[PDB]
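model-v9.tsv (TSV, C-alpha atoms)
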```
chain	number	residue	atom	x	y	z
A	1	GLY	CA	-76.95	17.30	-84.47
A	2	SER	CA	-77.04	19.60	-81.45
A	3	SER	CA	-80.46	20.01	-79.85
A	4	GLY	CA	-80.00	22.87	-77.40
A	5	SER	CA	-77.20	23.15	-74.85
A	6	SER	CA	-75.30	21.10	-72.27
A	7	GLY	CA	-76.01	21.23	-68.55
A	8	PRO	CA	-75.86	19.50	-65.15
A	9	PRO	CA	-76.31	15.72	-64.74
A	10	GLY	CA	-79.77	14.34	-64.02
A	11	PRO	CA	-80.87	12.60	-60.80
A	12	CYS	CA	-78.23	9.98	-59.98
A	13	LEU	CA	-78.96	6.71	-58.19
A	14	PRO	CA	-78.69	5.99	-54.44
A	15	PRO	CA	-75.42	4.57	-53.06
A	16	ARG	CA	-75.38	0.88	-52.13
A	17	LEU	CA	-74.03	0.11	-48.66
A	18	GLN	CA	-70.70	-1.64	-49.25
A	19	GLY	CA	-69.99	-4.86	-47.38
A	20	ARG	CA	-71.25	-4.26	-43.85
A	21	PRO	CA	-71.83	-1.00	-41.92
A	22	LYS	CA	-70.03	0.00	-38.72
A	23	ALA	CA	-70.91	1.57	-35.37
A	24	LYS	CA	-69.87	5.12	-36.26
A	25	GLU	CA	-68.83	4.41	-39.85
A	26	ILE	CA	-70.36	3.08	-43.07
A	27	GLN	CA	-69.14	2.09	-46.54
A	28	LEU	CA	-70.95	2.94	-49.77
A	29	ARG	CA	-70.57	2.01	-53.44
A	30	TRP	CA	-72.31	3.89	-56.26
A	31	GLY	CA	-71.76	4.42	-59.97
A	32	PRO	CA	-71.97	6.98	-62.80
A	33	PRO	CA	-75.42	8.31	-63.78
A	34	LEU	CA	-77.07	7.63	-67.14
A	35	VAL	CA	-77.81	11.29	-67.86
A	36	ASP	CA	-74.58	13.27	-67.51
A	37	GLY	CA	-76.33	16.31	-68.94
A	38	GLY	CA	-74.41	15.64	-72.13
A	39	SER	CA	-71.04	16.31	-70.52
A	40	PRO	CA	-68.67	13.74	-68.97
A	41	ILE	CA	-68.95	13.79	-65.17
A	42	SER	CA	-66.04	15.40	-63.33
A	43	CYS	CA	-66.69	14.91	-59.61
A	44	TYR	CA	-69.40	13.45	-57.38
A	45	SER	CA	-70.76	14.51	-53.99
A	46	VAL	CA	-72.38	12.44	-51.24
A	47	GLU	CA	-74.62	14.26	-48.77
A	48	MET	CA	-75.53	12.21	-45.70
A	49	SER	CA	-78.30	13.19	-43.28
A	50	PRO	CA	-79.67	11.63	-40.06
A	51	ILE	CA	-83.21	10.50	-40.86
A	52	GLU	CA	-83.97	11.65	-37.31
A	53	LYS	CA	-83.10	15.24	-38.19
A	54	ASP	CA	-82.70	17.00	-41.54
A	55	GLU	CA	-79.01	17.87	-41.34
A	56	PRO	CA	-77.54	17.14	-44.80
A	57	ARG	CA	-73.82	17.88	-45.11
A	58	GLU	CA	-71.28	16.93	-47.77
A	59	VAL	CA	-69.47	13.98	-46.18
A	60	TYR	CA	-67.58	13.01	-49.34
A	61	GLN	CA	-66.48	14.61	-52.61
A	62	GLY	CA	-64.13	13.31	-55.28
A	63	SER	CA	-63.83	11.45	-58.58
A	64	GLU	CA	-64.38	7.96	-57.15
A	65	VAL	CA	-67.76	6.28	-56.74
A	66	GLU	CA	-66.99	4.58	-53.43
A	67	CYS	CA	-66.12	6.06	-50.03
A	68	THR	CA	-66.45	5.45	-46.29
A	69	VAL	CA	-68.47	7.69	-43.97
A	70	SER	CA	-67.57	8.15	-40.31
A	71	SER	CA	-68.43	10.15	-37.18
A	72	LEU	CA	-71.89	8.60	-36.94
A	73	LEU	CA	-73.96	6.93	-34.22
A	74	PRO	CA	-74.48	3.15	-33.87
A	75	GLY	CA	-77.92	1.56	-33.95
A	76	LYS	CA	-79.09	4.66	-35.81
A	77	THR	CA	-80.29	5.15	-39.39
A	78	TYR	CA	-78.95	7.77	-41.80
A	79	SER	CA	-80.35	8.99	-45.13
A	80	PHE	CA	-77.61	9.17	-47.76
A	81	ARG	CA	-77.76	10.80	-51.19
A	82	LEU	CA	-75.68	11.11	-54.37
A	83	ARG	CA	-75.05	13.87	-56.90
A	84	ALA	CA	-72.71	14.27	-59.87
A	85	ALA	CA	-71.09	17.43	-61.24
A	86	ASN	CA	-69.75	18.40	-64.66
A	87	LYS	CA	-68.21	21.37	-66.49
A	88	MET	CA	-71.71	22.84	-66.16
A	89	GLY	CA	-72.33	22.31	-62.46
A	90	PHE	CA	-73.81	20.07	-59.78
A	91	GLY	CA	-77.11	18.30	-60.34
A	92	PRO	CA	-79.94	17.02	-58.11
A	93	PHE	CA	-79.24	14.42	-55.42
A	94	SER	CA	-80.35	10.79	-55.68
A	95	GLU	CA	-83.02	8.92	-53.72
A	96	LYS	CA	-82.41	9.25	-49.97
A	97	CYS	CA	-81.20	5.77	-49.01
A	98	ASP	CA	-81.72	5.02	-45.32
A	99	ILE	CA	-78.98	2.87	-43.81
A	100	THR	CA	-78.92	1.49	-40.26
A	101	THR	CA	-75.49	1.39	-38.63
A	102	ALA	CA	-74.22	-1.48	-36.48
A	103	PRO	CA	-75.58	-2.04	-32.95
A	104	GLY	CA	-72.02	-1.58	-31.73
A	105	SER	CA	-69.81	-4.66	-31.61
A	106	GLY	CA	-66.58	-6.23	-32.83
A	107	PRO	CA	-63.25	-7.67	-31.62
A	108	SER	CA	-60.19	-5.68	-30.55
A	109	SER	CA	-58.07	-5.41	-33.70
A	110	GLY	CA	-55.62	-2.59	-34.35
```

Full structure transcribed into structure tokens:
Amino acid sequence: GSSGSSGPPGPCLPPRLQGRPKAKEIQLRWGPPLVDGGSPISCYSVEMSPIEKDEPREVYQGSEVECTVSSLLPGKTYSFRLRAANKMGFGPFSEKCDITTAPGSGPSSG
């Protein structure tokens, strides 16, 4: 029994830093939201921003729930967010999760 009308997905959850972060890169792993606005999600969007300065910019966008950010600074924190989109549109971002990159280290493997 329909209630009203479909729409964008609710506030998704914050991405969980996958494995271990890097100097200028970081891995994340999130999942599908509970409230898809009634419609089956289509694509997600991760907007990262340097806690230091409010400069949010879509760093990832696809159908997967796990990606790897790059072009960042080591020993520095970065507020990441998450948002899902459906046939209706994009919804609100998730809780800004602050993640501190690596202090800069590692062997020479290529």

Problem - Residue nearest residue 102 in chain A among A:32, A:89, A:21, A:38 (counting all atoms listed in the file) - result: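 Residue with the minimum atom-to-atom distance to residue 102 in chain A: A:21.
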
Fill in the blank from the handout: One residue among A:104, A:91, A:40, A:75 is nearest to residue 8 in chain A when using only C-alpha atoms, and that residue is A:91

Problem - Which residue of A:106, A:15, A:10, A:4 approaches residue 69 in chain A most closely, using all atoms listed in the file - result: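 Going through A:106, A:15, A:10, A:4 one by one, the smallest distance to residue 69 in chain A is for A:15.
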
Exercise for the section: Return the single residue from A:41, A:51, A:46, A:72 that is closest to residue 86 in chain A, with distances computed using only C-alpha atoms. Expected result: A:41

Problem - Selected residue of minimal separation from residue 34 in chain A among A:9, A:19, A:2, A:61, counting all atoms listed in the file - result: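 So, comparing all the options, the nearest one is A:9.
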
Problem - Shell of 12 Å around residue 94 in chain A, only C-alpha atoms, local chain residues under 6 positions omitted, as an MDAnalysis selection string - result: chainID A and resid 9:16 30:33 44:48 79:84

Generate a file of the selected residues that holds C-alpha atoms, formatted as a PDB file, keeping the file's coordinate frame.
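To be explicit, this is the file written out as part.pdb:
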```pdb
ATOM      1  CA  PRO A   9     -76.310  15.720 -64.740  1.00  0.00           C
ATOM      2  CA  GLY A  10     -79.770  14.340 -64.020  1.00  0.00           C
ATOM      3  CA  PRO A  11     -80.870  12.600 -60.800  1.00  0.00           C
ATOM      4  CA  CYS A  12     -78.230   9.980 -59.980  1.00  0.00           C
ATOM      5  CA  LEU A  13     -78.960   6.710 -58.190  1.00  0.00           C
ATOM      6  CA  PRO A  14     -78.690   5.990 -54.440  1.00  0.00           C
ATOM      7  CA  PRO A  15     -75.420   4.570 -53.060  1.00  0.00           C
ATOM      8  CA  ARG A  16     -75.380   0.880 -52.130  1.00  0.00           C
ATOM      9  CA  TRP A  30     -72.310   3.890 -56.260  1.00  0.00           C
ATOM     10  CA  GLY A  31     -71.760   4.420 -59.970  1.00  0.00           C
ATOM     11  CA  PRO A  32     -71.970   6.980 -62.800  1.00  0.00           C
ATOM     12  CA  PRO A  33     -75.420   8.310 -63.780  1.00  0.00           C
ATOM     13  CA  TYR A  44     -69.400  13.450 -57.380  1.00  0.00           C
ATOM     14  CA  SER A  45     -70.760  14.510 -53.990  1.00  0.00           C
ATOM     15  CA  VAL A  46     -72.380  12.440 -51.240  1.00  0.00           C
ATOM     16  CA  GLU A  47     -74.620  14.260 -48.770  1.00  0.00           C
ATOM     17  CA  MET A  48     -75.530  12.210 -45.700  1.00  0.00           C
ATOM     18  CA  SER A  79     -80.350   8.990 -45.130  1.00  0.00           C
ATOM     19  CA  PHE A  80     -77.610   9.170 -47.760  1.00  0.00           C
ATOM     20  CA  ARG A  81     -77.760  10.800 -51.190  1.00  0.00           C
ATOM     21  CA  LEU A  82     -75.680  11.110 -54.370  1.00  0.00           C
ATOM     22  CA  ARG A  83     -75.050  13.870 -56.900  1.00  0.00           C
ATOM     23  CA  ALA A  84     -72.710  14.270 -59.870  1.00  0.00           C
TER      24      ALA A  84
END
```

Problem - Point-to-point distance in Å for CA of residue 88 in chain A and CA of residue 35 in chain A - result: 13.2 Å

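Here CA of residue 56 in chain A stands at a distance of 20.5 Å from CA of residue 18 in chain A.
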
Practice task
Considering all atoms listed in the file, state which residue in the set A:43, A:67, A:99, A:73 is at the smallest distance from residue 85 in chain A.
Solution key: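 The answer is A:43, which sits nearest to residue 85 in chain A.
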
Exercise for the section: Could you jot down the CA of residue 66 in chain A to CA of residue 27 in chain A separation for me, Å, one decimal place? Expected result: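 Here the two named atoms are 7.6 Å from each other.
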